[PDB]
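J.: Submitted below is the structure of interest, expressed as structure tokens.
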Amino acid sequence: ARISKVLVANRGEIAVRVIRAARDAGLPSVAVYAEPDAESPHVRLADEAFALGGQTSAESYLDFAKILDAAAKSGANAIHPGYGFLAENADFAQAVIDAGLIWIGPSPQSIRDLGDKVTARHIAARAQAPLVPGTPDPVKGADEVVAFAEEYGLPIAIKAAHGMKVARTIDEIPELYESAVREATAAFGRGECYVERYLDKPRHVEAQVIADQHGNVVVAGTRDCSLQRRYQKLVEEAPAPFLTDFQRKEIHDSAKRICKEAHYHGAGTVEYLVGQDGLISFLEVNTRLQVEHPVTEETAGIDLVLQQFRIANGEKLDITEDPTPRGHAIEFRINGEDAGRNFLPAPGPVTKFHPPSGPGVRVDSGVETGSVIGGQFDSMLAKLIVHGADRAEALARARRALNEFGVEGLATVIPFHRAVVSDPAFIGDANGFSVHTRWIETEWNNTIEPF
Amino acid sequence: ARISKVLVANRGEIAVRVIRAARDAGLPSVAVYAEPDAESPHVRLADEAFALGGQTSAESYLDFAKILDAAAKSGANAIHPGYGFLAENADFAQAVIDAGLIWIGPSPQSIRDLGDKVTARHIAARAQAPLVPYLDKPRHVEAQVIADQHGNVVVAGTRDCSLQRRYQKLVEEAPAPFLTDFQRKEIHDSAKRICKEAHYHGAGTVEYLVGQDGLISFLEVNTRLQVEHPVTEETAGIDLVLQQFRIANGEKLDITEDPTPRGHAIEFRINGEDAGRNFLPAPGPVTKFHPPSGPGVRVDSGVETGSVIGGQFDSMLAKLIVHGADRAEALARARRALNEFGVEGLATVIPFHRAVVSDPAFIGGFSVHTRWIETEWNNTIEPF
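Going line by line, the protein sequences match chains A and B.
Count the first sequence with the entry's author numbering and you get residues 10 to 172, 178 to 465, in order.
Count the second sequence with the entry's author numbering and you get residues 10 to 142, 212 to 442, 446 to 465, in order.
Written out as structure tokens, the structure is:
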């Protein structure tokens with residue numbers, strides 16, 4: 010079966026992004042919207058739009074029946090889930106396939122297998138992925154954790170097997191294990207936990223893959239997403255900088271083995287941690303297209319949404335080898351959050367939305383002047399992507415573009431981005447930089463004035 | 010001597026472009042404006058702005074003493090002329106130099122020699138460039223050069239500008255498509271020979287005509303940075319205005335070989351002209367300016383919502399530059415981006431652009450040429 014009309018089961022910037030790709034591919038698109046999104050850019054951009062009703066995600070975008078009904082009413086024969094919402098929902102993917110629709114994504118079983126920590130680690134082990142020591146299966150108790158720590162050393166992390179505490183001494187283990195199981199149970203309905211060596215101050219480095227339904231896998235490039243705060247990414251860049259050729263080879267090679275071991279297809283991402291001593295360690299596989307895909311698009315020269323269409327149509331990959339990156343790109347998430355108030359979101363009107371443009375500038379937005387931000391959904395307004403001939407040129411262009419970026423009416427993190435692109439920890443030197451996944455929260459000198 | 014503050018002796022989209030480059034370079038910028046332009050985007054985008062006074066170009070942008078006075082008052086030690094206005098004025102160039110300022114452009118003698126058809130022909134002959142010994215439906219193919227003050231010249235890439243109307247360029251693309259490596263080498267090598275024979279430095283362009291038979295003929299050298307430079311920037315991966323700054327600082331080229339193009343880019347000039355009325359300029363208010371964005375899209379604009387296009391400067395509102403992995407993807411992205419481009423208040427050539435990207439003659446090699454728009458294009462465009 011071949012895609013002829015695409016319903017985009019999402020909102021905001023990603024809906025706009027997929028609508029544009031549909032138009033590039035000559036495919037009619039269908040927007041869907043909850044009540045507060047009736048006047049969103051994605052509604053006006055699609056070829057047609059259907060109201061889902063509802064004021065919340067649970068009443069609209071997350072409702073299987075309502076999405077499938079909009080597909081039926083519009084006559085779409087394919088669904089692109091975007092990211093978030095139902096993109097990683099295997100039962101939804103199956104419901105889509107069961108209705109005779111094309112699911113623009115990986116198989117439901119891939120989603121289940123890669124989305125479960127233990128199953129995913131087993132796949133990674135079979136693929137000979139770089140892995141820090143850990144328990145291959147969940148522990149049955151605190152005494153297993155203590156034993157792991159005695160044999161392999163501290164510090165260790167105790168993590169939910171089906172959904178996180180760092181132990182630095184033996185004595186603290188029992189209490190931390192108990193907290194871990196309870197938090198895990200409360201969050202995901204299951205308390206089982208596994209243990210592994212914990213890496214302090216790691217970089218977050220990920221490999222963008224393109225995998226067809228025929229065993230062919232290409233790595234489009236790497237990204238560094240170390241500038242995250244409590245695992246929420248704020249700034250991403252491509253290629254991931256300051257890595258040896260041997261590190262990149264280990265990352266690219268292993269990402270493909272993991273995919274093929276999982277019988278995976280789609281345009282997802284294999285994420286890794288890199289320790290202070292340069293050790294690469296497998297983290298997880300994101301089965302869907304990630305938010306930060308544009309920095310790869312600008313440097314690898316590949317339209318990844320168009321690849322998704324091709325993969326879902328059953329085509330063999332038309333890319334025969336990992337592309338060489340051209341220049342450097344950095345993405346800044348324009349979240350409606352106040353960095354001067356612990357990044358708390360704060361709804362309000364987008365009284366003025368004045369995005370930058372000109373050389374090296376790409377803007378993927380889900381809002382415009384007059385947009386109304388309520389608190390029902392994610393705080394993401396838009397993404398600024400800046401491309402230059404090298405990292406230094408990209409940083410210089412980013413300072414210029416962030417300087418032009420005007421958003422009025424509500425708080426955004428633009429002042430954070432303006433600070434970080436001139437922070438010596440992020441600029442770094444020839445030998446590397448000083449940021450890591452805990453940097454924003456524990457080291458960055460926050461002098462942002464509250465909105 | 011090194012540039013420490015740059016005055017942009019221009020307006021519109023090129024002014025904005027150079028102002029953005031100054032900021033990329035960490036250099037304070039100075040805008041100038043005639044009275045009708047007091048509210049132009051470029052005026053507030055620069056670090057400082059100076060009123061020249063005057064309504065007409067002759068009273069403002071073309072007045073040597075006013076431009077030089079703005080430099081003295083602002084404390085700028087360099088002048089970037091953009092394109093048009095004084096960019097090709099050898100006498101202004103010499104005036105800037107005599108005032109102790111850095112002229113961001115080629116030597117005055119280069120401008121004169123290359124601006125005179127007879128002298129330029131002798132330069133081309135000494136440089137052993139291909140010359141017309212009849213050009214059948216010729217394409218306009220040009221080489222973007224980067225030439226330092228030390229005799230080093232790199233060709234950043236080619237562009238095809240065959241979609242022109244009475245020599246007025248409307249659509250440009252990079253690289254120039256459908257050429258053999260042998261033709262590309264003849265064009266690139268001759269461009270370098272020409273620049274060196276002329277003792278040229280700066281980011282100019284050597285233009286050629288290529289006939290249906292594949293015969294190459296030197297046309298002229300434009301001494302300044304051209305309007306259509308962005309398609310080369312997007313494919314060659316080089317910031318050409320930053321290169322102009324380096325050249326004027328007396329730096330050696332930091333680019334050692336002609337860069338390989340990556341992908342394909344197409345530029346569309348958003349002029350206030352009505353293709354439905356024989357491309358008649360149609361001045362008016364810009365009641366809504368809604369540029370596209372997203373993947374593959376670059377917009378270099380000189381206007382906003384509320385801007386006004388009078389008949390006293392060029393009709394160009396902005397330039398849409400679309401980049402894709404190959405020509406086909408660029409075209410497909412251009413259809414999408416042009417569809418999104420809303421301009422209200424006056425006629426523009428957007429409907430022509432929308433038509434041409436889906437015309438088999440342009441899709442194709447292909448069958449467009451320098452007279453195609455006026456003699457072959459089936460104009461079905463409805464008047465504004």
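Cβ coordinates follow ideal geometry from the N, Cα and C atoms, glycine included.
#1: My output table needs one value for residue 161 of chain A: the three-state DSSP class, helix, strand or coil.
#2: With DSSP as the reference, label residue 46 of chain A as helix, strand or coil.
#3: Specify the secondary structure class of residue 366 of chain B as computed by DSSP and reduced to three states.
#4: Starting from residue 78 of chain A, trace the alpha helix (DSSP H) in both directions and tell me its first and last residue.
#5: Ignore the nearest five residues each way along the sequence and tell me which others in residue 173 of chain A's own chain have a CB closer than 7 Å to its CB.
#6: Which residues does DSSP list as the beta-bridge partners of residue 296 of chain B?
#7: Relative to chain B, which residues along the stretch 340–359 of chain A have a C-beta separation below 8 Å, given in chain order?
#8: Is there at least one Cβ from chain A nearer than 7 Å to residue 302 of chain B's Cβ?
#9: If we ignore side chains and look at the alpha-carbon of each, how far apart do residue 343 of chain B and residue 96 of chain A end up?
#10: With H, G and I counted as helix, E and B as strand and the rest as coil, what does DSSP make of residue 445 of chain B?
#11: Give the interface partners of residue 371 of chain B over in chain A, defined as CB-CB distance under 8 Å, in chain order.
#12: For residue 417 of chain A, go through chain B and note every residue whose CB falls closer than 9 Å to its CB, in chain order.
#13: Since residue 124 of chain B is in the alpha helix (DSSP H), which residue starts that stretch and which ends it?
#14: Is there contact between the stretch 237–244 of chain B and the stretch 451–463 of chain B, where contact requires at least three CB pairs shorter than 8 Å?
#15: Is it right to say residue 196 of chain A is buried, meaning 16 or more other beta carbons lie within 10 angstroms of its own, or is it exposed?
#16: Which chain B residues sit within Cβ distance under 8 Å of residue 422 of chain A?
#17: Kindly indicate if chain A contains any beta-carbon less than 7 Å away from that of residue 414 of chain B.
#18: Under three-state DSSP, which class holds residue 236 of chain A?
#19: Assign residue 357 of chain A to one of three DSSP states: helix, strand, or coil.
#20: Let's see if you can read the secondary structure: which residues bound the beta strand (DSSP E) around residue 208 of chain A?
#21: May I ask you to report which of helix, strand or coil DSSP gives residue 387 of chain B?
#22: Check the C-beta distance from residue 174 of chain A over to residue 311 of chain A and give it rounded, since I have them as a contact under 8 Å.
#23: Once you ignore the five residues that flank residue 304 of chain A on each side, which residues in its own chain have a CB closer than 7 Å to its CB?
#24: Can you pull out the residues from the stretch 269–296 of chain A whose beta carbon lies closer than 9 Å to at least one beta carbon of chain B?
#25: Please indicate yes or no: does the CB of residue 275 of chain A lie closer than 6 Å to some heavy atom of the ligand NAP?
#26: Would a check of beta-carbon distances place residue 29 of chain B closer than 7 Å to chain A?
#27: Quick check: what's the CA-CA separation for residue 221 of chain B versus residue 404 of chain B?
#28: Going by the CB atoms, is the gap between residue 236 of chain B and residue 219 of chain B shorter than 7 Å?
#29: Is the number of C-beta pairs between the stretch 418–426 of chain A and the stretch 353–362 of chain A that are closer than 8 Å three or more?
#30: Would you grab the beta carbon distance between residue 318 of chain A and residue 234 of chain A for me? Rounded to a whole angstrom, and I think it's under 8 Å.
#31: Express the C-alpha separation of residue 20 of chain B and residue 336 of chain A in angstroms, rounding to a whole number.
#32: With which residues is residue 223 of chain A paired in a DSSP beta bridge?
#33: Count the CB pairs spanning the stretch 325–341 of chain A and the stretch 357–368 of chain A that are closer than 8 Å, and state whether there are at least three.
#34: Who pairs with residue 112 of chain A in a beta bridge, going by DSSP?
#35: Within 7 Å (strictly less), CB to CB, does residue 411 of chain B reach chain A?
#36: Return the chain-ordered list of same chain residues with a C-beta closer than 8 Å to the C-beta of residue 293 of chain A, the five sequence neighbours on each side being excluded.
T.: This is what the structure gives:
#1: In the structure shown, residue 161 of chain A sits in a helix (DSSP, three-state: H, G or I).
#2: Reduced to three states, the DSSP call for residue 46 of chain A is helix.
#3: In the structure shown, residue 366 of chain B sits in a strand (DSSP, three-state: E or B).
#4: First-last of the alpha helix (DSSP H) with residue 78 of chain A: 73–83.
#5: What the structure lacks is residue 173 of chain A: chain A is numbered 172, then 178, with the residues between left out.
#6: Partner(s): B:286.
#7: Interface annotation for the stretch 340–359 of chain A against chain B: 340 and 341, criterion Cβ-Cβ distance under 8 Å.
#8: Judged by the 7 Å Cβ criterion, residue 302 of chain B is not in contact with chain A.
#9: If you take the alpha carbons of residue 343 of chain B and residue 96 of chain A, they lie about 33 Å apart.
#10: There are no atomic positions for residue 445 of chain B here, as chain B continues from 442 directly to 446.
#11: Result: 369, 371, 376, 377, 378 and 379.
#12: Within chain B, the residues placing a beta-carbon under 9 Å from that of residue 417 of chain A are 32, ordered along the chain.
#13: Bounds of the alpha helix (DSSP H) holding residue 124 of chain B are 117–124.
#14: By the Cβ test, the stretch 237–244 of chain B is in contact with the stretch 451–463 of chain B, since at least three Cβ pairs between them sit closer than 8 Å.
#15: Taking every protein chain shown into account, the CB of residue 196 of chain A has fewer than 16 other CB atoms within 10 angstroms, so this residue is exposed.
#16: Going along chain B, no residue has its Cβ under 8 Å from residue 422 of chain A, so there is no contact; the nearest lies around 15 Å.
#17: For residue 414 of chain B, a Cβ of chain A is located within less than 7 Å of the residue's own Cβ.
#18: Residue state, collapsed to three classes: strand.
#19: When secondary structure is reduced to three states using DSSP, residue 357 of chain A falls in the coil class, being assigned neither helix nor strand.
#20: Start and end: 207–211.
#21: If DSSP states are grouped into helix, strand and coil, residue 387 of chain B belongs with the strands.
#22: This model leaves out residue 174 of chain A; its place in chain A lies between 172 and 178, and no residues are given there.
#23: When the five nearest sequence neighbours on each side are left out, the beta carbons in the same chain lying within less than 7 Å of the beta carbon of residue 304 of chain A are those of 92 and 283, in order along the chain.
#24: Within the stretch 269–296 of chain A, not one residue has a Cβ closer than 9 Å to any Cβ of chain B.
#25: For the structure depicted, the ligand NAP is absent and the ligand set is empty, with no information on it obtainable.
#26: Residue 29 of chain B counts as touching chain A.
#27: Spanning the two alpha carbons is a distance of roughly 20 Å.
#28: Going by C-beta atoms, residue 219 of chain B is nearer than 7 Å to residue 236 of chain B.
#29: Contact between the stretch 418–426 of chain A and the stretch 353–362 of chain A is present, because at least three Cβ pairs lie under 8 Å.
#30: Sure, about 7 Å apart at Cβ, within 8 Å.
#31: So the two alpha carbons sit approximately 44 Å from each other.
#32: Beta-bridge pairing links residue 223 of chain A to A:233.
#33: With contact defined as three or more Cβ pairs closer than 8 Å, the stretch 325–341 of chain A and the stretch 357–368 of chain A are not in contact.
#34: Partner residues in the beta bridge of residue 112 of chain A, as assigned by DSSP, are A:88.
#35: Chain A contact via Cβ: present.
#36: Only 139, 141 and 213 meet the Cβ criterion.
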